file start_1.pdb (PDB, C-alpha atoms and all ligand atoms)
ATOM      1  CA  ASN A   8      95.041  87.352 108.703
ATOM      2  CA  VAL A   9      97.637  84.405 108.746
ATOM      3  CA  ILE A  10      96.432  80.824 109.356
ATOM      4  CA  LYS A  11      97.974  78.963 112.285
ATOM      5  CA  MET A  12      98.090  75.475 110.770
ATOM      6  CA  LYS A  13      98.591  72.014 112.274
ATOM      7  CA  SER A  14     100.368  69.091 110.675
ATOM      8  CA  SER A  15      96.999  67.268 111.270
ATOM      9  CA  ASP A  16      95.340  69.721 108.730
ATOM     10  CA  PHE A  17      97.332  67.979 105.943
ATOM     11  CA  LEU A  18      96.560  64.519 104.504
ATOM     12  CA  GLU A  19     100.155  63.718 103.532
ATOM     13  CA  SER A  20     103.347  65.142 101.999
ATOM     14  CA  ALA A  21     105.609  64.731  98.944
ATOM     15  CA  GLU A  22     109.161  65.920  99.962
ATOM     16  CA  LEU A  23     111.390  67.307  97.141
ATOM     17  CA  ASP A  24     114.682  69.210  96.345
ATOM     18  CA  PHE A  28     117.488  74.806  99.773
ATOM     19  CA  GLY A  29     115.125  73.513 102.555
ATOM     20  CA  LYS A  30     112.668  70.535 102.738
ATOM     21  CA  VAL A  31     110.040  71.477 100.156
ATOM     22  CA  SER A  32     107.072  69.190 100.278
ATOM     23  CA  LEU A  33     103.896  69.312  98.214
ATOM     24  CA  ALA A  34     100.981  69.118 100.748
ATOM     25  CA  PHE A  35      97.330  68.175 100.453
ATOM     26  CA  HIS A  36      95.282  70.329 102.856
ATOM     27  CA  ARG A  37      91.979  68.831 104.187
ATOM     28  CA  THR A  38      89.748  71.752 103.059
ATOM     29  CA  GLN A  39      91.817  74.626 101.614
ATOM     30  CA  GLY A  40      93.295  72.608  98.660
ATOM     31  CA  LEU A  41      96.838  71.934  97.315
ATOM     32  CA  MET A  42      99.755  73.963  98.785
ATOM     33  CA  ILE A  43     103.558  74.246  98.921
ATOM     34  CA  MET A  44     105.244  73.778 102.311
ATOM     35  CA  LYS A  45     108.779  74.460 103.592
ATOM     36  CA  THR A  46     109.840  72.862 106.869
ATOM     37  CA  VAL A  47     112.418  75.541 107.787
ATOM     38  CA  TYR A  48     113.354  73.739 111.097
ATOM     39  CA  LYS A  49     113.149  70.341 112.887
ATOM     40  CA  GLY A  50     114.723  69.689 116.302
ATOM     41  CA  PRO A  51     114.562  70.887 119.936
ATOM     42  CA  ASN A  52     112.002  73.371 121.382
ATOM     43  CA  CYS A  53     112.853  77.128 120.988
ATOM     44  CA  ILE A  54     109.960  78.987 122.798
ATOM     45  CA  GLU A  55     112.375  82.009 122.891
ATOM     46  CA  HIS A  56     111.582  82.961 119.217
ATOM     47  CA  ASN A  57     107.909  81.835 118.704
ATOM     48  CA  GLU A  58     106.408  85.355 119.287
ATOM     49  CA  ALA A  59     108.948  86.971 116.880
ATOM     50  CA  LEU A  60     108.357  84.279 114.158
ATOM     51  CA  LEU A  61     104.573  84.675 114.421
ATOM     52  CA  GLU A  62     104.959  88.508 114.233
ATOM     53  CA  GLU A  63     107.109  88.147 111.061
ATOM     54  CA  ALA A  64     104.693  85.709 109.325
ATOM     55  CA  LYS A  65     101.803  88.160 110.145
ATOM     56  CA  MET A  66     103.924  90.948 108.519
ATOM     57  CA  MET A  67     104.639  88.915 105.323
ATOM     58  CA  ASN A  68     100.998  87.756 105.295
ATOM     59  CA  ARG A  69     100.000  91.504 104.899
ATOM     60  CA  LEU A  70     101.502  91.243 101.294
ATOM     61  CA  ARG A  71      98.366  90.620  99.113
ATOM     62  CA  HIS A  72      98.597  91.137  95.307
ATOM     63  CA  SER A  73      97.546  89.209  92.108
ATOM     64  CA  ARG A  74     101.265  89.015  90.979
ATOM     65  CA  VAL A  75     102.789  88.329  94.459
ATOM     66  CA  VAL A  76     102.913  84.828  96.136
ATOM     67  CA  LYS A  77     100.415  84.509  99.029
ATOM     68  CA  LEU A  78     101.656  83.199 102.427
ATOM     69  CA  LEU A  79      98.678  80.921 103.290
ATOM     70  CA  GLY A  80      99.777  79.756 106.766
ATOM     71  CA  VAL A  81     102.438  78.731 109.293
ATOM     72  CA  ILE A  82     103.017  75.605 111.338
ATOM     73  CA  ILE A  83     104.415  76.723 114.724
ATOM     74  CA  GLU A  84     104.686  73.425 116.604
ATOM     75  CA  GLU A  85     107.114  72.290 119.355
ATOM     76  CA  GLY A  86     110.489  71.735 117.652
ATOM     77  CA  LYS A  87     108.852  71.916 114.154
ATOM     78  CA  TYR A  88     108.461  75.104 112.066
ATOM     79  CA  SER A  89     106.931  75.414 108.585
ATOM     80  CA  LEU A  90     105.820  78.067 106.034
ATOM     81  CA  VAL A  91     102.858  77.335 103.693
ATOM     82  CA  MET A  92     102.436  79.177 100.333
ATOM     83  CA  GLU A  93     100.121  78.535  97.370
ATOM     84  CA  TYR A  94     100.714  75.981  94.627
ATOM     85  CA  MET A  95     102.369  77.219  91.328
ATOM     86  CA  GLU A  96     102.043  74.505  88.680
ATOM     87  CA  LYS A  97     104.675  75.487  86.008
ATOM     88  CA  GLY A  98     107.529  76.124  88.525
ATOM     89  CA  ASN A  99     109.950  79.039  88.089
ATOM     90  CA  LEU A 100     110.570  81.413  85.139
ATOM     91  CA  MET A 101     113.909  79.748  84.208
ATOM     92  CA  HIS A 102     112.285  76.286  84.100
ATOM     93  CA  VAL A 103     109.536  77.654  81.741
ATOM     94  CA  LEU A 104     112.052  79.464  79.404
ATOM     95  CA  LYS A 105     114.486  76.437  79.226
ATOM     96  CA  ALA A 106     111.502  74.177  78.233
ATOM     97  CA  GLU A 107     111.181  72.476  74.768
ATOM     98  CA  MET A 108     108.011  74.473  73.844
ATOM     99  CA  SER A 109     108.668  78.103  72.742
ATOM    100  CA  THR A 110     106.909  80.889  74.703
ATOM    101  CA  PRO A 111     105.565  83.536  72.229
ATOM    102  CA  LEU A 112     106.443  87.261  72.444
ATOM    103  CA  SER A 113     102.848  88.087  73.566
ATOM    104  CA  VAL A 114     103.182  85.738  76.628
ATOM    105  CA  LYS A 115     106.738  87.063  77.426
ATOM    106  CA  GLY A 116     105.491  90.670  77.174
ATOM    107  CA  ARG A 117     102.617  89.832  79.576
ATOM    108  CA  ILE A 118     105.137  88.127  81.955
ATOM    109  CA  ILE A 119     107.177  91.391  81.905
ATOM    110  CA  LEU A 120     104.112  93.594  82.620
ATOM    111  CA  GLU A 121     103.127  91.255  85.505
ATOM    112  CA  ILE A 122     106.689  91.429  87.020
ATOM    113  CA  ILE A 123     106.587  95.284  86.845
ATOM    114  CA  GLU A 124     103.103  95.284  88.581
ATOM    115  CA  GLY A 125     104.169  92.869  91.361
ATOM    116  CA  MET A 126     107.402  94.807  91.992
ATOM    117  CA  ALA A 127     105.606  98.189  91.958
ATOM    118  CA  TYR A 128     103.150  96.746  94.598
ATOM    119  CA  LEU A 129     106.065  95.494  96.766
ATOM    120  CA  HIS A 130     107.916  98.828  96.526
ATOM    121  CA  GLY A 131     104.656 100.641  97.400
ATOM    122  CA  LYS A 132     104.422  98.541 100.625
ATOM    123  CA  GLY A 133     108.077  99.456 101.427
ATOM    124  CA  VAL A 134     109.277  95.928 100.564
ATOM    125  CA  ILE A 135     112.647  95.843  98.814
ATOM    126  CA  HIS A 136     113.097  92.386  97.344
ATOM    127  CA  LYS A 137     116.954  92.209  97.388
ATOM    128  CA  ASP A 138     116.924  88.809  95.607
ATOM    129  CA  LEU A 139     114.819  89.224  92.407
ATOM    130  CA  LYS A 140     115.844  86.505  89.943
ATOM    131  CA  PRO A 141     114.085  83.951  87.602
ATOM    132  CA  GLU A 142     114.027  81.392  90.489
ATOM    133  CA  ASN A 143     111.910  83.873  92.509
ATOM    134  CA  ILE A 144     109.365  84.262  89.705
ATOM    135  CA  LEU A 145     106.772  81.489  89.800
ATOM    136  CA  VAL A 146     104.416  80.475  86.964
ATOM    137  CA  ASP A 147     100.874  79.098  87.071
ATOM    138  CA  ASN A 148      99.283  76.725  84.487
ATOM    139  CA  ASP A 149      97.855  79.706  82.557
ATOM    140  CA  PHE A 150     101.405  81.292  82.230
ATOM    141  CA  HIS A 151     100.571  84.021  84.804
ATOM    142  CA  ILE A 152     103.339  84.874  87.264
ATOM    143  CA  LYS A 153     103.712  85.614  90.977
ATOM    144  CA  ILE A 154     106.853  87.128  92.686
ATOM    145  CA  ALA A 155     108.185  84.904  95.493
ATOM    146  CA  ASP A 156     110.852  85.285  98.271
ATOM    147  CA  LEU A 157     111.800  81.546  98.328
ATOM    148  CA  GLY A 158     115.290  82.271  99.755
ATOM    149  CA  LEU A 159     113.733  84.089 102.765
ATOM    150  CA  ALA A 160     115.834  87.307 102.127
ATOM    151  CA  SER A 161     112.933  89.438 103.552
ATOM    152  CA  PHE A 162     112.263  87.144 106.630
ATOM    153  CA  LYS A 163     115.055  87.713 109.184
ATOM    154  CA  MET A 164     113.653  85.564 112.062
ATOM    155  CA  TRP A 165     112.710  82.593 109.717
ATOM    156  CA  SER A 166     116.016  82.888 107.748
ATOM    157  CA  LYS A 167     117.907  82.369 111.078
ATOM    158  CA  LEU A 168     115.918  79.122 111.736
ATOM    159  CA  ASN A 169     116.762  77.752 108.241
ATOM    160  CA  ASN A 170     120.500  78.287 109.057
ATOM    161  CA  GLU A 171     121.154  77.143 112.719
ATOM    162  CA  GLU A 172     122.888  74.221 114.655
ATOM    163  CA  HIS A 173     119.693  72.683 116.229
ATOM    164  CA  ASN A 174     118.067  72.126 112.715
ATOM    165  CA  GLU A 175     117.871  68.515 111.366
ATOM    166  CA  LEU A 176     118.245  69.455 107.626
ATOM    167  CA  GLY A 188     122.909  81.586  95.302
ATOM    168  CA  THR A 189     123.588  83.585  92.099
ATOM    169  CA  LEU A 190     125.128  87.051  91.898
ATOM    170  CA  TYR A 191     124.283  87.627  88.157
ATOM    171  CA  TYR A 192     121.136  89.656  89.084
ATOM    172  CA  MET A 193     122.885  91.619  91.891
ATOM    173  CA  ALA A 194     123.263  95.403  91.513
ATOM    174  CA  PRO A 195     127.031  96.338  91.324
ATOM    175  CA  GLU A 196     126.785  98.624  94.457
ATOM    176  CA  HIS A 197     126.298  95.374  96.514
ATOM    177  CA  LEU A 198     129.060  93.382  94.790
ATOM    178  CA  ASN A 199     132.213  93.500  97.055
ATOM    179  CA  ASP A 200     130.123  95.799  99.441
ATOM    180  CA  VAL A 201     127.980  93.846 101.927
ATOM    181  CA  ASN A 202     127.329  96.902 104.143
ATOM    182  CA  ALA A 203     125.417  99.191 101.733
ATOM    183  CA  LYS A 204     121.652  99.140 102.440
ATOM    184  CA  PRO A 205     119.685  97.892  99.358
ATOM    185  CA  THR A 206     117.201 100.289  97.639
ATOM    186  CA  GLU A 207     114.300 100.271  95.163
ATOM    187  CA  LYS A 208     116.984 100.852  92.437
ATOM    188  CA  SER A 209     118.817  97.638  93.464
ATOM    189  CA  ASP A 210     115.693  95.670  92.319
ATOM    190  CA  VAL A 211     115.402  97.718  89.059
ATOM    191  CA  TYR A 212     118.925  96.386  88.195
ATOM    192  CA  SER A 213     117.840  92.732  88.884
ATOM    193  CA  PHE A 214     114.747  93.299  86.645
ATOM    194  CA  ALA A 215     117.096  94.352  83.749
ATOM    195  CA  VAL A 216     118.918  90.982  83.904
ATOM    196  CA  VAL A 217     115.552  89.087  84.269
ATOM    197  CA  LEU A 218     114.452  91.005  81.101
ATOM    198  CA  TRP A 219     117.647  89.700  79.311
ATOM    199  CA  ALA A 220     117.106  86.088  80.566
ATOM    200  CA  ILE A 221     113.449  86.159  79.308
ATOM    201  CA  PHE A 222     114.765  86.755  75.742
ATOM    202  CA  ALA A 223     117.976  84.690  75.859
ATOM    203  CA  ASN A 224     116.093  81.676  77.420
ATOM    204  CA  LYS A 225     119.225  81.086  79.624
ATOM    205  CA  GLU A 226     121.291  82.366  82.623
ATOM    206  CA  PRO A 227     123.786  85.201  81.765
ATOM    207  CA  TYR A 228     127.638  85.449  81.690
ATOM    208  CA  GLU A 229     128.059  81.971  79.962
ATOM    209  CA  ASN A 230     127.212  80.386  83.397
ATOM    210  CA  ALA A 231     130.830  81.196  84.510
ATOM    211  CA  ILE A 232     131.235  80.630  88.292
ATOM    212  CA  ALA A 233     130.894  83.965  90.171
ATOM    213  CA  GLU A 234     134.585  84.946  90.457
ATOM    214  CA  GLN A 235     136.589  88.054  91.426
ATOM    215  CA  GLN A 236     137.427  88.500  87.700
ATOM    216  CA  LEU A 237     133.674  88.519  86.791
ATOM    217  CA  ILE A 238     132.651  90.668  89.889
ATOM    218  CA  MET A 239     135.315  93.319  89.029
ATOM    219  CA  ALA A 240     134.168  93.270  85.344
ATOM    220  CA  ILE A 241     130.441  93.881  86.318
ATOM    221  CA  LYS A 242     131.670  96.604  88.748
ATOM    222  CA  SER A 243     133.684  98.128  85.838
ATOM    223  CA  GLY A 244     130.659  98.075  83.480
ATOM    224  CA  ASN A 245     130.267  94.548  82.021
ATOM    225  CA  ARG A 246     126.638  93.466  81.302
ATOM    226  CA  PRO A 247     125.105  90.287  79.752
ATOM    227  CA  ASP A 248     125.773  89.944  75.982
ATOM    228  CA  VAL A 249     122.821  91.609  74.131
ATOM    229  CA  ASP A 250     124.029  89.885  70.876
ATOM    230  CA  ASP A 251     123.660  86.492  72.641
ATOM    231  CA  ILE A 252     119.859  86.957  72.141
ATOM    232  CA  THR A 253     118.987  84.885  69.024
ATOM    233  CA  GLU A 254     115.160  85.277  69.086
ATOM    234  CA  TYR A 255     113.340  88.543  68.241
ATOM    235  CA  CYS A 256     113.648  91.164  70.938
ATOM    236  CA  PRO A 257     112.042  94.555  70.173
ATOM    237  CA  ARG A 258     114.205  97.709  70.144
ATOM    238  CA  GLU A 259     112.175  99.145  73.112
ATOM    239  CA  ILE A 260     112.909  96.102  75.396
ATOM    240  CA  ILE A 261     116.684  96.278  74.636
ATOM    241  CA  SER A 262     116.646 100.012  75.475
ATOM    242  CA  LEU A 263     114.661  99.258  78.684
ATOM    243  CA  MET A 264     117.157  96.601  79.871
ATOM    244  CA  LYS A 265     120.144  98.880  79.023
ATOM    245  CA  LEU A 266     118.526 101.699  81.032
ATOM    246  CA  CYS A 267     117.649  99.486  84.038
ATOM    247  CA  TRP A 268     121.169  97.988  84.330
ATOM    248  CA  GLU A 269     122.885 101.469  84.457
ATOM    249  CA  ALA A 270     125.973 101.598  86.783
ATOM    250  CA  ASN A 271     124.621 104.745  88.508
ATOM    251  CA  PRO A 272     121.524 103.746  90.612
ATOM    252  CA  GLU A 273     120.125 107.296  90.307
ATOM    253  CA  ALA A 274     119.976 106.877  86.444
ATOM    254  CA  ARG A 275     117.701 103.754  86.677
ATOM    255  CA  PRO A 276     113.870 104.222  86.476
ATOM    256  CA  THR A 277     111.285 103.291  89.179
ATOM    257  CA  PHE A 278     108.789 100.411  88.688
ATOM    258  CA  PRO A 279     105.745 102.792  88.453
ATOM    259  CA  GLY A 280     107.881 104.706  85.902
ATOM    260  CA  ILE A 281     108.603 101.481  83.901
ATOM    261  CA  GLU A 282     104.818 100.547  84.023
ATOM    262  CA  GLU A 283     103.730 103.911  82.550
ATOM    263  CA  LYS A 284     105.899 103.291  79.440
ATOM    264  CA  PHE A 285     105.651  99.456  79.242
ATOM    265  CA  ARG A 286     101.793  99.118  79.526
ATOM    266  CA  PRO A 287     101.131 101.194  76.298
ATOM    267  CA  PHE A 288     103.955  99.290  74.458
ATOM    268  CA  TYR A 289     102.566  95.844  75.448
ATOM    269  CA  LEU A 290      98.976  96.790  74.475
ATOM    270  CA  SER A 291      99.835  98.315  71.063
ATOM    271  CA  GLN A 292     102.795  96.154  69.978
ATOM    272  CA  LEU A 293     103.046  92.885  72.007
ATOM    273  CA  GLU A 294      99.459  91.807  72.766
TER     274      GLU A 294
HETATM  275  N1  LIG B   1     110.927  77.063  98.930
HETATM  276  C1  LIG B   1     109.994  77.422  99.485
HETATM  277  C2  LIG B   1     108.820  77.916 100.185
HETATM  278  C3  LIG B   1     108.773  79.237 100.619
HETATM  279  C4  LIG B   1     107.603  79.609 101.299
HETATM  280  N2  LIG B   1     107.419  80.883 101.756
HETATM  281  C5  LIG B   1     106.078  81.463 101.886
HETATM  282  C6  LIG B   1     105.846  82.583 100.879
HETATM  283  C7  LIG B   1     106.935  83.639 101.061
HETATM  284  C8  LIG B   1     106.719  84.789 100.102
HETATM  285  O1  LIG B   1     107.354  84.881  99.071
HETATM  286  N3  LIG B   1     105.804  85.761 100.435
HETATM  287  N4  LIG B   1     105.035  85.672 101.570
HETATM  288  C9  LIG B   1     104.132  86.562 101.478
HETATM  289  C10 LIG B   1     104.382  87.601 100.475
HETATM  290  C11 LIG B   1     105.460  86.933  99.596
HETATM  291  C12 LIG B   1     106.647  87.819  99.310
HETATM  292  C13 LIG B   1     107.048  88.014  97.994
HETATM  293  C14 LIG B   1     108.138  88.814  97.740
HETATM  294  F1  LIG B   1     108.505  88.994  96.458
HETATM  295  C15 LIG B   1     108.848  89.468  98.714
HETATM  296  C16 LIG B   1     108.426  89.253 100.002
HETATM  297  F2  LIG B   1     109.116  89.846 101.007
HETATM  298  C17 LIG B   1     107.365  88.435 100.331
HETATM  299  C18 LIG B   1     108.309  83.000 100.844
HETATM  300  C19 LIG B   1     108.510  81.860 101.837
HETATM  301  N5  LIG B   1     106.603  78.748 101.541
HETATM  302  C20 LIG B   1     106.813  77.496 101.120
HETATM  303  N6  LIG B   1     107.831  77.025 100.391
END
call {"tool": "encode", "arguments": {"input": "start_1.pdb", "output": "structure tokens", "more": "lines below"}}
Ligand SMILES: N#Cc1cc(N2CCC(C(=O)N3NCC[C@H]3c3cc(F)cc(F)c3)CC2)ncn1
result
Amino acid sequence: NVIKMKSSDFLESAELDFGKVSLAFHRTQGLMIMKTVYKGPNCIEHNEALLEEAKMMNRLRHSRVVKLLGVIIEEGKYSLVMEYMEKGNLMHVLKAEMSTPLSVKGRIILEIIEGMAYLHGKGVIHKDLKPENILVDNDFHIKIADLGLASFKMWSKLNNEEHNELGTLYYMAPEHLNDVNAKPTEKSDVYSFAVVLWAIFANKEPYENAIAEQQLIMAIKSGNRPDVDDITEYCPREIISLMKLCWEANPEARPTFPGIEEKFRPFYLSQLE
């Protein structure tokens, strides 16, 4: 189960730049990442609901999914504690000086598929899958995160409130662009994966980093996708077909993550590893 943590369990903190994200040295359980979602007056009205939600998110246990280690539910001070990921996010690793070989990239892809197929299996629909939500360890292994709290309703409300003393649309499925009421599905995440797949090979953010505008939104809704020819490095035929299939306008035409795994695992083993 979830650990109810005290600020006294930590030796000290190293605050950095949404939300106060401090690196924290725990007394016995090691190095950890902490997010102080709220600081201010007491709000005993939501403590039971916040604790229920953290217990819910704490039930998510997989090798390729970020582990929620604990919570700090103190008077007027709320915090979420996750594990430490040394190499930061997927975009940071791709935009680095050092090139990441095809074998590593192909492993990264397989690990994303696995983590997403686990989440979907537990009924979790990500809604915000993007390179910033994919964290990397020192050994280039990845874990899927929900850093923007899109799957925490109670804790997302704390982060954005009056009493507190404190994104990109390129990966968004077109059924959600200019349609905030449609309920997201497993196929909404499959679309996001397709653009993550592109970004892994282009080593950059899509659509020339043009501010999300009505012109761009309408173009993606019409059928516009990131420029495949903007990929300079070697990208196998199979991976270009996969991304083109996953970013299909019709959600019903996109595969499932267990479906993607069944075809991608043999391809990685025989051709990429
Ligand atoms: N900045 C920042 C930041 C965040 C943070 N959190 C704790 C981990 C949370 C988290 O991601 N998860 N929790 C358990 C399963 C996992 C999870 C993954 C996923 F893909 C979807 C999902 F619904 C839940 C995200 C919030 N702690 C510290 N610092």
call {"tool": "axis_aligned_box", "arguments": {"input": "start_1.pdb", "around": "ligand LIG 1 (chain B)", "padding_each_side": "6 Å", "output": "AutoDock Vina command-line options"}}
result
--center_x 107.5 --center_y 83.4 --center_z 99.2 --size_x 18.8 --size_y 24.8 --size_z 17.4
call {"tool": "residues_near_point", "arguments": {"input": "start_1.pdb", "point": "(109.4, 84.6, 90.2)", "cutoff": "7 Å", "atoms": "all atoms listed in the file", "output": "MDAnalysis selection string"}}
result
chainID A and resid 99:100 140:145 152:155
call {"tool": "residues_near_point", "arguments": {"input": "start_1.pdb", "point": "(116.4, 95.4, 72.3)", "cutoff": "12 Å", "atoms": "only C-alpha atoms", "output": "JSON, numbers by chain"}}
result
{"A": [215, 218, 219, 221, 222, 223, 248, 249, 250, 251, 252, 253, 254, 255, 256, 257, 258, 259, 260, 261, 262, 263, 264, 265, 266]}
call {"tool": "resolve_selection", "arguments": {"input": "start_1.pdb", "expression": "the PyMOL selection byres (((not hetatm)) within 8 of (chain B and resi 1))", "output": "ChimeraX atom specification"}}
result
/A:28-32,43-46,64,67-71,75-79,89-93,125-126,129,134-136,139,143,154-162
call {"tool": "resolve_selection", "arguments": {"input": "start_1.pdb", "expression": "the PyMOL selection byres (((chain A and resi 121) around 12) and not hetatm)", "output": "PyMOL selection string"}}
result
chain A and resi 72-75+114-120+122-128+144-146+150-154+214+278+281-282+285-286+289
call {"tool": "residues_around", "arguments": {"input": "start_1.pdb", "residues": "residue 225 (chain A)", "least_positions_apart": "6", "cutoff": "8 Å", "atoms": "all atoms listed in the file", "output": "list in words"}}
result
residues 101, 104 and 105 of chain A
call {"tool": "resolve_selection", "arguments": {"input": "start_1.pdb", "expression": "the PyMOL selection byres (((chain A and resi 17) around 12) and not hetatm)", "output": "list in words"}}
result
residues 12, 13, 14, 15, 16, 18, 19, 20, 21, 32, 33, 34, 35, 36, 37, 38, 39, 40, 41, 42, 43, 44, 82 and 91 of chain A
call {"tool": "residues_around", "arguments": {"input": "start_1.pdb", "residues": "residue 230 (chain A)", "least_positions_apart": "6", "cutoff": "12 Å", "atoms": "all atoms listed in the file", "output": "ChimeraX atom specification"}}
result
/A:189-191,220,237,247
call {"tool": "residues_around", "arguments": {"input": "start_1.pdb", "residues": "residue 49 (chain A)", "least_positions_apart": "5", "cutoff": "6 Å", "atoms": "all atoms listed in the file", "output": "PyMOL selection string"}}
result
chain A and resi 86-87+174-175
call {"tool": "residues_around", "arguments": {"input": "start_1.pdb", "residues": "region 270-276 of chain A", "least_positions_apart": "3", "cutoff": "10 Å", "atoms": "all atoms listed in the file", "output": "list in words"}}
result
residues 194, 195, 196, 206, 207, 208, 209, 211, 212, 215, 241, 242, 243, 244, 245, 246, 263, 264, 265, 266, 267, 279, 280 and 281 of chain A
call {"tool": "atom_distance", "arguments": {"input": "start_1.pdb", "atom1": "CA of residue 131 (chain A)", "atom2": "CA of residue 283 (chain A)"}}
result
15.2 Å
call {"tool": "atom_distance", "arguments": {"input": "start_1.pdb", "atom1": "CA of residue 165 (chain A)", "atom2": "CA of residue 277 (chain A)"}}
result
29.2 Å
call {"tool": "closest_residue", "arguments": {"input": "start_1.pdb", "among": "A:198, A:203, A:95, A:54", "to": "residue 147 (chain A)", "atoms": "all atoms listed in the file"}}
result
A:95
call {"tool": "atom_distance", "arguments": {"input": "start_1.pdb", "atom1": "CA of residue 169 (chain A)", "atom2": "CA of residue 83 (chain A)"}}
result
14.0 Å
call {"tool": "closest_residue", "arguments": {"input": "start_1.pdb", "among": "A:65, A:197, A:132, A:137", "to": "residue 8 (chain A)", "atoms": "only C-alpha atoms"}}
result
A:65
call {"tool": "closest_residue", "arguments": {"input": "start_1.pdb", "among": "A:199, A:210, A:173, A:107", "to": "residue 235 (chain A)", "atoms": "all atoms listed in the file"}}
result
A:199
call {"tool": "closest_residue", "arguments": {"input": "start_1.pdb", "among": "A:102, A:291, A:81, A:188", "to": "residue 47 (chain A)", "atoms": "all atoms listed in the file"}}
result
A:81
